[PDB]
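S.K.: Below: one structure in structure tokens.
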There are 6 protein chains.
Amino acid sequence: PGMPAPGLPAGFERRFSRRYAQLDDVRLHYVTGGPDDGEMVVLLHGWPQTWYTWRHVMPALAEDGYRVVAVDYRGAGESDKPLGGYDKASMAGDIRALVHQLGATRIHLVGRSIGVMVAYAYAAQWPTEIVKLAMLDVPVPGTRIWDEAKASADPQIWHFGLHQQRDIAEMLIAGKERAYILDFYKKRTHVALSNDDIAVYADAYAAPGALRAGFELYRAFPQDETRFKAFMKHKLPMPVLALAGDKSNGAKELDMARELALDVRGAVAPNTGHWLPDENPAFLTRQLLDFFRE
Amino acid sequence: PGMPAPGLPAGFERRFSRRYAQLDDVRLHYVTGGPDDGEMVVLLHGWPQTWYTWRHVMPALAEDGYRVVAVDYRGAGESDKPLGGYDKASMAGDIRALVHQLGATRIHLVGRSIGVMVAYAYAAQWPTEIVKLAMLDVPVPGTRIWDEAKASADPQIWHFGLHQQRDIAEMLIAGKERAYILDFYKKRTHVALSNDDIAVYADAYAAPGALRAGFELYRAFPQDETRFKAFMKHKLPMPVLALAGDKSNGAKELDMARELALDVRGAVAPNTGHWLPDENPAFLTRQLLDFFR
Amino acid sequence: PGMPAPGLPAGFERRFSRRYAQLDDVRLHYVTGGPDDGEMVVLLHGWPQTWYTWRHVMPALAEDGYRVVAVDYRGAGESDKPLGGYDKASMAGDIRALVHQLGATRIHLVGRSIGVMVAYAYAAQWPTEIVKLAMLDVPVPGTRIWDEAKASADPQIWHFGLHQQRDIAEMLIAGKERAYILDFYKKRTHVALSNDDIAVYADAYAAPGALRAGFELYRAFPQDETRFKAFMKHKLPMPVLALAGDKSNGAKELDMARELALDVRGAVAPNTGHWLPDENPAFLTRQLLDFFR
Amino acid sequence: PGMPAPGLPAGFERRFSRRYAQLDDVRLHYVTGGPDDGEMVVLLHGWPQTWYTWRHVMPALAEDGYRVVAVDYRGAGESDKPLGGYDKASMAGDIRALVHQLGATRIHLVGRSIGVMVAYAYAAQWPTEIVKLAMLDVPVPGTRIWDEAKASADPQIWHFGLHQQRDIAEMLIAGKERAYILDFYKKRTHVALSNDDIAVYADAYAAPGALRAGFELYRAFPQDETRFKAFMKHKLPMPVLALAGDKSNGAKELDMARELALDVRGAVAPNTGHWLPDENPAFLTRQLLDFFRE
Amino acid sequence: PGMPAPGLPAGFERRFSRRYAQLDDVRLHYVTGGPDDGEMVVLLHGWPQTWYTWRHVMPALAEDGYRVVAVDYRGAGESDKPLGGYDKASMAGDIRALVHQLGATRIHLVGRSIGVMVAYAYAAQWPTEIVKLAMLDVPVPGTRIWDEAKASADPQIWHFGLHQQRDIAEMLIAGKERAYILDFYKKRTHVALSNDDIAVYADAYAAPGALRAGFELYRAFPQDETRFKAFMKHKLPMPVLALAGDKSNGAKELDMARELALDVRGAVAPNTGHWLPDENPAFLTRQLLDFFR
Amino acid sequence: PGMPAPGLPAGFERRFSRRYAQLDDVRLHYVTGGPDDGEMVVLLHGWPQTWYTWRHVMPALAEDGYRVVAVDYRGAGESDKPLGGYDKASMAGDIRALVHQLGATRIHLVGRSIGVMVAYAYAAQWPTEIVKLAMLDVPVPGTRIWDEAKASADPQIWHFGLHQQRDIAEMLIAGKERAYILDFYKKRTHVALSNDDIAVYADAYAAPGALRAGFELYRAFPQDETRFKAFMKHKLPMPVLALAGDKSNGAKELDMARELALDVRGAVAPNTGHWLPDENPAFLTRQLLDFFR
């Protein structure tokens with residue numbers, strides 16, 4: 001019992017930091033904490049999110065010794081918004097480059113929504129470099145669950161069409177990001193969240209270029225589908241964990257992951273909606289720790 | 001006494017929780033706190049309000065062991081905004097289905113403004129399920145006080161006309177929810193309230209569809225008048241308490257309740273306007289807790 | 001057969017002129033034509049209108065030798081927008097001062113909507129100076145037809161409440177005058193009108209102060225009610241004509257007028273809604289010419 | 001050759017009239033011309049259109065002795081915008097009540113977009129009352145052409161999702177009706193049209209309630225699918241003509257119609273996009289007169 | 001003598017047609033007239049322009065038997081606005097694909113501003129296919145005239161910096177296209193132009209995506225610089241004409257062209273600023289007809 | 001290390017004060033703290049900043065007994081926005097007149113961006129009055145580094161062109177100061193800063209006339225180039241310290257200072273971008289305090 005408590009968890013400010021990494025043309029923003037020599041855990045948000053969605057998971061990961069890296073991927077948050085490169089395979093290259101610049105070679109990888117597609121493209125292109133992979137909330141293109149949501153005309157993906165209308169989507173939503181994003185979020189949540197927390201996301205997507213860059217993730221879905229379907233001719237060898245809330249995709253995250261990897265295990269969060277990190281960070285943190293422990 | 005203190009009362013975060021209930025068509029948002037096994041007290045806000053109007057009534061209420069369920073009814077606050085179902089009788093059915101969901105099956109009902117019409121419609125359709133009922137601040141359709149406000153062209157119900165203009169009302173007020181709602185509120189209050197508290201209501205009604213959903217409550221008034229007139233031909237058997245501020249509807253809130261229910265008692269709040277839960281919670285809780293003994 | 005033809009009728013531009021009259025504080029705008037020596041016919045528009053509503057009536061009146069004066073009353077159109085003076089009795093004084101300044105003293109008087117209240121106040125205060133009075137479309141305050149629309153909560157006066165909200169009405173409608181007024185007009189019309197014609201009205205009410213000044217006509221209704229009830233203790237002695245469309249107030253214009261005058265005759269416009277000069281000017285000009293002859 | 005010529009054709013003003021029909025609670029606006037005693041031809045526009053889309057077709061129909069009735073259906077143009085009644089079967093009832101008020105019982109019926117769904121529901125519910133039916137540009141719900149566009153996630157129906165979002169669609173598009181509708185239109189045309197003509201439609205949809213009422217046609221699609229599938233158990237007996245542009249649906253209007261009626265004939269307009277009355281009224285006028293003489 | 005006459009020249013409407021060409025991903029809009037069998041002349045506008053800038057040149061070309069094709073290149077006017085492909089070499093590929101789709105393969109080519117960069121990239125990549133090339137008003141990247149404007153910080157390219165700011169440029173200029181573009185045009189003109197003509201351009205750049213697509217032409221300049229410097233290791237073999245107004249770049253169009261081609265001839269337009277087709281179409285058509293003959 | 005901490009440092013309220021100084025034309029706003037009798041340290045911000053950029057440098061500075069005077073120069077922050085005087089030399093004269101007002105007559109000067117041009121112009125015109133001088137972050141006009149940024153078309157000075165467009169820059173950015181300034185800032189930083197701190201700058205430049213006044217600083221650049229070139233023919237006699245972040249101008253801030261002054265020393269701040277007082281105050285104060293021994 002208790003009303004929603006907005007903001008970063010107590011003491012977060014003291015341990016975690018905001019940092020920037022210059023890559024070949026693109027600058028990525030990320031939040032990193034924990035011991036510098038520890039096993040690196042890279043966390044990838046989705047749409048419409050930033051690194052901030054991991055605010056309640058990052059402390060616990062770091063309190064078990066890991067080197068936490070929460071990335072604003074290309075086009076999101078405080079990261080640069082280049083013209084293109086929003087297909088998920090190339091965005092995985094951005095994350096790999098960041099990781100290499102931070103001195104690492106093998107990483108644990110957690111992604112949700114758009115971020116779990118980037119994470120999969122990371123594991124598919126450089127499988128030796130991903131020790132363990134955690135897949136949250138959303139199916140990846142190329143899977144059967146994905147093709148079904150599309151062929152059924154699933155009401156939950158009504159926005160795929162709109163987001164893929166270049167310039168039109170931006171013209172409609174500019175100036176109404178808070179109203180559009182708060183409604184998008186609340187229709188898919190089950191645990192009550194604080195408006196001040198969701199407004200952190202909405203305000204990021206109101207910054208110049210943030211709407212456009214976010215929508216280009218959706219505009220690359222056809223290219224991602226063709227690319228990911230080729231990726232799925234070699235199932236992943238590393239251990240994979242699949243999680244989703246019972247009031248949204250649930251079990252279908254584990255069904256989806258088993259089309260992509262040989263070593264799969266999964267759980268469904270009780271009384272939890274689409275935003276696992278926002279709604280049920282305790283369940284998520286534990287599952288990641290039990291999963292990341294040998 | 002001193003200046004208005006905005007926000008939830010101290011310690012409120014710790015004791016209450018926000019929850020959702022999925023019904024067939026609609027998902028309803030509600031706030032609860034206190035022991036689970038206790039007698040349930042259902043609170044129904046009005047226009048232009050949310051559950052937040054009971055912020056000073058719910059703590060004390062469930063410090064005495066009551067199960068407090070403060071509901072955003074269909075279309076308000078964080079609840080869904082469906083196409084229809086905005087007649088007050090069907091809205092009562094939504095509240096019953098949520099009550100049934102929570103495991104209860106008989107409760108104590110308190111309502112003001114639109115909520116008191118829902119609260120009455122609840123008691124009228126399922127008399128057995130309402131232990132008691134507290135009518136606050138506003139008369140219900142079908143009563144004489146309601147019909148006399150209409151015949152008087154009472155200055156206070158000036159907004160009935162505008163709110164009943166579909167699309168026109170939304171077009172005029174969209175983007176001006178704060179200015180419209182703060183003025184609507186301050187013109188009907190007597191105790192000075194904080195802008196920050198009124199802005200909580202205004203911001204909810206600025207949300208997508210919230211203007212339309214609230215205005216459809218007014219667009220259903222003719223249907224409610226016919227329906228409530230049928231309900232009042234069977235006077236309520238339960239004890240009923242009527243309260244209103246002396247600067248607004250005063251004692252005709254009591255007179256209105258006598259038209260509907262047999263076992264009625266009432267009081268008039270001193271130096272308080274239209275918004276009893278906001279203006280004088282102290283008088284109100286104290287009145288509620290005694291009534292609830 | 002035919003699509004609506006917007007604008008002034010052919011030849012209007014060469015026969016009529018826009019003019020201003022400076023009174024002691026207020027400058028009034030008016031359009032005039034016909035012989036300088038002819039019997040003067042004063043035409044008073046209402047809300048949301050200007051002199052332009054008489055555009056299809058004025059040529060025929062001028063061809064029959066009448067001196068046509070279509071006035072933008074205080075606060076409307078191109079006239080000044082003073083702070084006050086929007087009670088109808090004082091606005092009749094404005095029209096009388098302009099009439100005296102043009103060298104006339106006895107006049108034929110035609111009014112609709114707000115203008116028929118001004119026109120009645122003119123006739124009640126100076127009955128010897130009004131030769132004949134024609135009353136269109138809307139009842140005047142103080143009559144039982146007026147009180148009956150109010151007590152019934154007639155849907156067609158929903159806007160009384162909103163317009164009487166000082167500052168709120170202006171804030172809601174500023175910048176949306178075209179949408180608000182076009183909708184107001186079409187919901188009450190029966191003959192299809194051209195949007196370009198109604199926008200001439202809407203554009204006038206978008207000019208600085210025009211919204212405020214027009215709503216002050218509505219904010220003065222209680223004072224008009226008290227003032228007109230005293231006027232109605234003495235029925236009007238001059239001949240009176242009552243007209244309205246069969247699809248709007250119809251015969252109630254004649255019922256309303258018989259409480260106001262001893263010598264009343266009336267007719268109902270066929271296939272006509274609320275805007276007699278806009279919808280059926282052919283019927284209106286014929287009835288006026290026969291009445292004034 | 002020639003540049004686009006905007007507006008009504010010469011002489012239109014003296015030959016047609018704007019009229020209203022009061023139904024039991026809703027008022028409908030329509031434009032009518034031609035002989036009072038002639039065979040009635042009812043024309044039903046779609047989204048985002050009004051009667052004005054038939055401006056180049058109504059003169060030729062009326063000069064051949066037909067009584068033309070181009071209707072703004074419920075919620076569109078100058079018609080009333082009630083709360084409900086936006087399922088296509090009920091909207092056909094509105095059209096029938098207005099035809100009956102004009103003294104007619106037998107009509108030729110032409111529809112496109114949403115109007116062809118109303119026109120089909122008219123013929124399905126009162127088949128004896130429809131002499132001939134012409135179906136333009138768009139498939140109706142329940143057909144497999146309709147169901148295959150849905151299962152493909154066909155890019156040309158991207159807007160079905162957005163339009164079905166109550167309040168979100170109105171909030172995003174209010175104040176941008178011109179930019180939204182001009183783009184919607186030009187992306188589906190092949191013949192160059194004048195901006196002034198499309199703006200006539202866009203300005204109608206900027207009117208109070210016109211966006212909401214238009215989107216409720218789309219929010220009623222599930223109910224239309226159930227209702228229309230039942231309608232197609234009994235194929236239509238009257239002669240049916242199917243037309244579409246080769247650069248849009250083309251021959252699939254012809255396939256779609258053959259699932260609905262026994263006596264079907266069709267043609268495909270050359271070098272024509274989605275908006276047959278706007279783009280190639282010469283072809284359409286020729287096709288309708290030949291069909292109505294037959 | 002004469003005030004500026006806005007719009008298309010008389011008879012243009014009956015002689016030319018707007019058409020679309022679907023390429024493999026992009027649909028291009030273009031205006032064409034003259035004999036279907038004539039030698040094809042392709043005209044490429046720049047920023048902030050559309051095909052409409054050739055309105056006073058196309059009739060004379062068509063009367064002399066040329067097949068006129070005035071193209072809205074990728075991202076401009078009524079053409080599609082794809083995500084990328086705004087480097088000038090790829091945009092030349094778009095124009096070539098449209099030319100091949102119209103049944104032609106050898107063409108006369110005219111370009112100004114961005115279009116002269118596209119036109120040069122066309123000639124550099126497919127020199128056998130360009131019969132003659134006419135270069136107007138603006139230097140192309142890679143030349144010393146281009147580098148000299150950059151190193152000098154020429155005030156006339158102040159906008160390069162702003163247009164290369166992705167998302168920032170769009171946010172600043174969205175909704176103010178008319179003020180931004182009219183000012184840009186008049187500061188560089190010498191002959192007075194009609195505001196209605198320039199607004200045809202401004203209104204195009206206000207349509208969805210048009211601002212973004214046009215600025216991507218500027219954001220591709222570094223890539224164009226690298227690509228064109230490689231192209232300039234082989235001077236163009238076909239005849240080249242260089243033109244600019246005496247009040248703008250003047251003889252520097254001929255200096256720039258001589259770094260690009262072996263066979264170059266040039267002239268300077270009298271009493272002409274930056275917009276040769278808008279300001280002095282009479283001089284431009286004469287020079288083009290003599291060059292192509 | 002951890003997350004950015006927005007606002008003034010703890011205890012700041014207590015130790016510093018806001019004051020105004022009326023000069024002949026203009027009133028200047030400035031912040032001060034520390035002992036009155038101490039050596040005065042003058043701080044000059046740049047674009048787009050106010051005194052607030054020194055919030056982490058001024059405390060420590062005057063904990064060592066310095067007299068800290070952080071000035072909003074002519075046109076910035078809470079200072080007046082006159083018509084002219086935006087060449088950097090005259091702005092130095094304004095700073096001197098304020099220094100004279102405060103009773104001092106020789107001081108220590110620290111400046112960045114526009115302030116370092118003012119600070120240099122101060123030392124150039126009255127060499128005797130400046131004890132020492134710390135140049136931060138930006139090269140001054142007339143130097144080679146300045147001239148090479150112009151010839152390179154350095155991507156960082158993209159805004160010189162736009163800011164030099166009178167009325168155009170104000171029209172584009174008015175109402176978009178926060179989005180424009182936050183982006184301008186974050187693109188040039190390396191240490192992550194809080195939006196709340198950057199918004200303080202943005203809100204000042206949203207004030208009436210603040211956009212115009214700041215942009216006139218850029219519109220005077222050609223005049224400053226001529227004036228500073230004259231000043232640099234007499235190399236400065238005072239000790240000069242040059243600092244810049246390694247991710248921005250780095251060591252050419254030192255190279256730039258050697259062009260102007262004889263006794264120069266410098267350092268380059270590690271892992272810091274363009275905004276030394278904002279990004280690494282710690283390195284900066286420590287560097288300043290040592291230099292100031």
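Residues are referred to by chain and number: the chain letter is A, B, ... according to the order shown in the structure tokens, the number counts from 1 in that chain, and ligands are numbered separately from 1 in the order shown.
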Give the strand (DSSP E) residues of range 105-151 of chain D, as DSSP finds them on the backbone, and put them as a PyMOL selection string.
M.R.: chain D and resi 107-112+130-136
S.K.: From range 24-194 of chain F, collect each residue whose DSSP state is helix (DSSP H, G or I) and return the set as a tab-separated table (two decimals) with C-alpha atoms, in the first residue's frame.
M.R.:
chain	number	residue	atom	x	y	z
F	51	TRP	CA	26.20	36.83	-13.80
F	52	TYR	CA	24.71	33.47	-12.76
F	53	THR	CA	27.48	31.63	-14.66
F	54	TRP	CA	29.95	32.50	-11.87
F	58	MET	CA	32.42	33.78	-6.64
F	59	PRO	CA	32.08	32.17	-3.14
F	60	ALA	CA	35.50	30.70	-2.91
F	61	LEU	CA	36.87	33.79	-4.43
F	62	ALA	CA	35.82	36.08	-1.79
F	63	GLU	CA	36.35	33.63	1.03
F	88	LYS	CA	32.87	45.86	-26.96
F	89	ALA	CA	35.12	48.89	-26.39
F	90	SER	CA	32.22	51.10	-25.24
F	91	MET	CA	30.91	48.25	-23.13
F	92	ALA	CA	34.29	48.21	-21.40
F	93	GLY	CA	33.79	51.90	-20.65
F	94	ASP	CA	30.48	51.05	-18.99
F	95	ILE	CA	32.25	48.51	-16.78
F	96	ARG	CA	34.90	51.08	-15.86
F	97	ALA	CA	32.31	53.68	-14.90
F	98	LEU	CA	30.65	51.13	-12.60
F	99	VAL	CA	34.03	50.22	-11.08
F	100	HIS	CA	34.71	53.89	-10.41
F	101	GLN	CA	31.29	54.16	-8.81
F	114	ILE	CA	31.53	38.39	-25.18
F	115	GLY	CA	32.85	39.31	-21.74
F	116	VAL	CA	36.39	38.36	-22.68
F	117	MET	CA	36.14	40.81	-25.57
F	118	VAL	CA	34.88	43.46	-23.16
F	119	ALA	CA	37.56	42.41	-20.66
F	120	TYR	CA	40.28	42.71	-23.31
F	121	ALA	CA	38.92	46.08	-24.48
F	122	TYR	CA	39.07	47.25	-20.92
F	123	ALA	CA	42.72	46.28	-20.55
F	124	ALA	CA	43.52	47.69	-23.99
F	125	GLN	CA	42.04	51.15	-23.36
F	127	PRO	CA	46.20	49.27	-19.24
F	128	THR	CA	47.00	50.78	-15.88
F	129	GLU	CA	43.73	49.89	-14.29
F	144	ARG	CA	44.43	34.63	-35.75
F	145	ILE	CA	42.32	32.03	-34.06
F	146	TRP	CA	39.33	34.31	-34.61
F	147	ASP	CA	40.22	34.84	-38.26
F	148	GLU	CA	40.80	31.12	-38.79
F	149	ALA	CA	37.42	30.15	-37.34
F	150	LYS	CA	35.91	32.48	-39.95
F	151	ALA	CA	37.98	31.15	-42.85
F	155	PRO	CA	30.76	24.68	-37.46
F	156	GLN	CA	30.69	26.33	-34.02
F	157	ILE	CA	30.21	29.91	-35.20
F	159	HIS	CA	25.12	31.31	-35.39
F	160	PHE	CA	27.17	34.40	-36.31
F	161	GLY	CA	25.20	34.74	-39.55
F	162	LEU	CA	21.72	34.37	-38.05
F	163	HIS	CA	22.43	36.62	-35.06
F	168	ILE	CA	14.95	38.23	-38.53
F	169	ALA	CA	16.80	36.63	-35.63
F	170	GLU	CA	14.42	38.13	-33.06
F	171	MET	CA	11.35	37.10	-35.06
F	172	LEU	CA	12.51	33.47	-35.37
F	173	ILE	CA	13.66	32.99	-31.77
F	177	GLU	CA	14.37	31.11	-26.26
F	178	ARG	CA	14.41	28.04	-24.00
F	179	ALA	CA	14.59	25.48	-26.82
F	180	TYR	CA	17.14	27.56	-28.75
F	181	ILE	CA	19.39	28.27	-25.76
F	182	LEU	CA	19.24	24.81	-24.17
F	183	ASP	CA	20.31	23.28	-27.52
F	184	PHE	CA	23.01	25.90	-28.09
F	185	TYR	CA	24.32	25.07	-24.63
F	186	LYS	CA	24.20	21.32	-24.64
S.K.: Excluding residue 2 in chain C and its own-chain neighbours fewer than 2 positions away, which residues fall within 8 Å of it when counting only C-alpha atoms? Please give them as a list in words.
M.R.: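 Non-adjacent residues within range: residues 4 of chain C; 13, 14, 15, 16, 17 and 18 of chain D.
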S.K.: Select all residues from chain B having any atom no more than 12 Å from an atom of chain D (counting only C-alpha atoms, ignoring ligands), output as a ChimeraX atom specification.
M.R.: /B:80-84,164-172,174-175,206-213,216,219-220
S.K.: For the selection you just gave me, I'd like the residues written to a file as a compact mmCIF listing (two decimals), in the first residue's frame, keeping N, CA, C and O atoms.
M.R.:
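The resulting file, part_17.txt, is shown below:
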# COMPACT_ATOMS: atom_id res chain seq x y z
N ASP B 80 -11.35 5.82 -17.56
CA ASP B 80 -11.59 5.82 -19.00
C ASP B 80 -12.63 6.86 -19.37
O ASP B 80 -13.42 7.31 -18.54
N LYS B 81 -12.62 7.25 -20.65
CA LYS B 81 -13.58 8.21 -21.21
C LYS B 81 -14.30 7.54 -22.37
O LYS B 81 -14.03 7.84 -23.54
N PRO B 82 -15.23 6.63 -22.09
CA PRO B 82 -15.95 5.96 -23.18
C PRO B 82 -16.93 6.88 -23.90
O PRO B 82 -17.13 8.03 -23.50
N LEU B 83 -17.56 6.35 -24.95
CA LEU B 83 -18.50 7.11 -25.77
C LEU B 83 -19.77 7.46 -25.00
O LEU B 83 -20.27 8.59 -25.08
N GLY B 84 -20.33 6.49 -24.25
CA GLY B 84 -21.61 6.71 -23.61
C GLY B 84 -21.69 6.19 -22.18
O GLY B 84 -20.66 6.01 -21.52
N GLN B 164 -24.31 21.77 -22.28
CA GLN B 164 -25.17 20.93 -23.09
C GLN B 164 -25.01 21.18 -24.59
O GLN B 164 -25.75 20.57 -25.37
N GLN B 165 -24.13 22.09 -25.01
CA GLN B 165 -23.85 22.31 -26.43
C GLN B 165 -22.69 21.39 -26.85
O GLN B 165 -21.53 21.66 -26.55
N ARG B 166 -23.01 20.29 -27.53
CA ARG B 166 -21.97 19.34 -27.94
C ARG B 166 -20.99 20.00 -28.91
O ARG B 166 -21.40 20.69 -29.84
N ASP B 167 -19.70 19.77 -28.68
CA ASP B 167 -18.59 20.28 -29.49
C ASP B 167 -18.34 21.77 -29.25
O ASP B 167 -17.19 22.20 -29.19
N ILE B 168 -19.41 22.55 -29.09
CA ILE B 168 -19.25 23.98 -28.84
C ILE B 168 -18.58 24.21 -27.50
O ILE B 168 -17.63 25.00 -27.39
N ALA B 169 -19.05 23.51 -26.46
CA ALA B 169 -18.45 23.69 -25.14
C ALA B 169 -16.99 23.27 -25.15
O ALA B 169 -16.12 24.00 -24.65
N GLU B 170 -16.68 22.11 -25.76
CA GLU B 170 -15.30 21.65 -25.81
C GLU B 170 -14.42 22.61 -26.60
O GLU B 170 -13.28 22.89 -26.21
N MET B 171 -14.94 23.13 -27.71
CA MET B 171 -14.14 24.03 -28.54
C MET B 171 -13.80 25.32 -27.80
O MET B 171 -12.68 25.82 -27.90
N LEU B 172 -14.76 25.85 -27.02
CA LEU B 172 -14.52 27.11 -26.31
C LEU B 172 -13.55 26.91 -25.14
O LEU B 172 -12.69 27.77 -24.90
N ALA B 174 -11.45 24.14 -24.42
CA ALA B 174 -10.17 23.44 -24.62
C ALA B 174 -9.02 24.44 -24.61
O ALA B 174 -9.02 25.42 -25.35
N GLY B 175 -8.01 24.16 -23.78
CA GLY B 175 -6.90 25.08 -23.59
C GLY B 175 -7.15 26.18 -22.56
O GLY B 175 -6.20 26.89 -22.20
N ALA B 206 -8.27 19.01 -18.32
CA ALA B 206 -7.53 19.33 -19.54
C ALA B 206 -7.05 18.07 -20.28
O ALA B 206 -6.62 18.18 -21.43
N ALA B 207 -7.12 16.90 -19.65
CA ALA B 207 -6.67 15.66 -20.25
C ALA B 207 -7.56 15.26 -21.43
O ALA B 207 -8.72 15.65 -21.50
N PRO B 208 -7.02 14.48 -22.37
CA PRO B 208 -7.78 14.14 -23.59
C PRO B 208 -9.12 13.48 -23.29
O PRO B 208 -9.19 12.44 -22.63
N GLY B 209 -10.19 14.07 -23.81
CA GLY B 209 -11.51 13.52 -23.61
C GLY B 209 -12.19 13.88 -22.30
O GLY B 209 -13.39 13.62 -22.16
N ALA B 210 -11.47 14.48 -21.34
CA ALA B 210 -12.06 14.76 -20.03
C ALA B 210 -13.11 15.87 -20.09
O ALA B 210 -14.07 15.86 -19.31
N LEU B 211 -12.92 16.86 -20.97
CA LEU B 211 -13.95 17.87 -21.17
C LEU B 211 -15.21 17.25 -21.74
O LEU B 211 -16.31 17.47 -21.23
N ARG B 212 -15.06 16.47 -22.81
CA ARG B 212 -16.21 15.83 -23.43
C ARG B 212 -16.95 14.94 -22.44
O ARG B 212 -18.18 14.96 -22.38
N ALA B 213 -16.21 14.11 -21.70
CA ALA B 213 -16.85 13.16 -20.80
C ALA B 213 -17.64 13.87 -19.70
O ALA B 213 -18.76 13.47 -19.39
N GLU B 216 -20.84 15.45 -21.16
CA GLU B 216 -21.88 14.47 -21.44
C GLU B 216 -22.68 14.14 -20.19
O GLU B 216 -23.81 13.65 -20.31
N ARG B 219 -25.25 16.68 -20.66
CA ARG B 219 -26.07 16.39 -21.83
C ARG B 219 -27.08 15.28 -21.56
O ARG B 219 -28.05 15.14 -22.31
N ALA B 220 -26.86 14.48 -20.52
CA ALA B 220 -27.80 13.43 -20.14
C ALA B 220 -28.86 13.89 -19.14
O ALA B 220 -29.77 13.11 -18.83
S.K.: What lies within 8 Å of residue 2 in chain D using only C-alpha atoms, ignoring chain neighbours under 3 positions off, as an MDAnalysis selection string?
M.R.: chainID E and resid 13:18
S.K.: Write out as a list in words which residues come within 7 Å of range 27-32 of chain B when counting only C-alpha atoms, dropping same-chain ones fewer than 5 positions away.
M.R.: residues 16, 17, 18, 19, 20, 21, 22, 68, 69, 70, 71, 72, 73, 74, 78, 79 and 80 of chain B
S.K.: Pick out the closest residue to chain E from this set: F:222, F:26, F:41, F:103. Count only C-alpha atoms.
M.R.: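 Looking at the shortest contact to chain E, the residue is F:222.
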S.K.: Kindly indicate which residue among A:289, A:173, A:89, A:140 lies nearest to chain D, using only C-alpha atoms for the distances.
M.R.: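 So, comparing all the options, the nearest one is A:173.
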S.K.: Between CA of residue 134 in chain D and CA of residue 152 in chain D, what distance in Å does the model show, to one decimal?
M.R.: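 Taking CA of residue 134 in chain D as the start and CA of residue 152 in chain D as the end point, the length is 26.9 Å.
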S.K.: Would you list the contacts of residue 287 in chain E as a list in words, taking every protein, DNA or RNA residue within 9 Å and counting only C-alpha atoms, but skipping same-chain residues closer than 3 positions in sequence?
M.R.: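 After dropping sequence-adjacent residues, the list is residues 241, 243, 267, 282, 283, 284, 290, 291 and 292 of chain E.
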S.K.: To one decimal in Å, tell me the separation between CA of residue 234 in chain F and CA of residue 139 in chain F.
M.R.: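 These atoms are spaced 17.5 Å apart.
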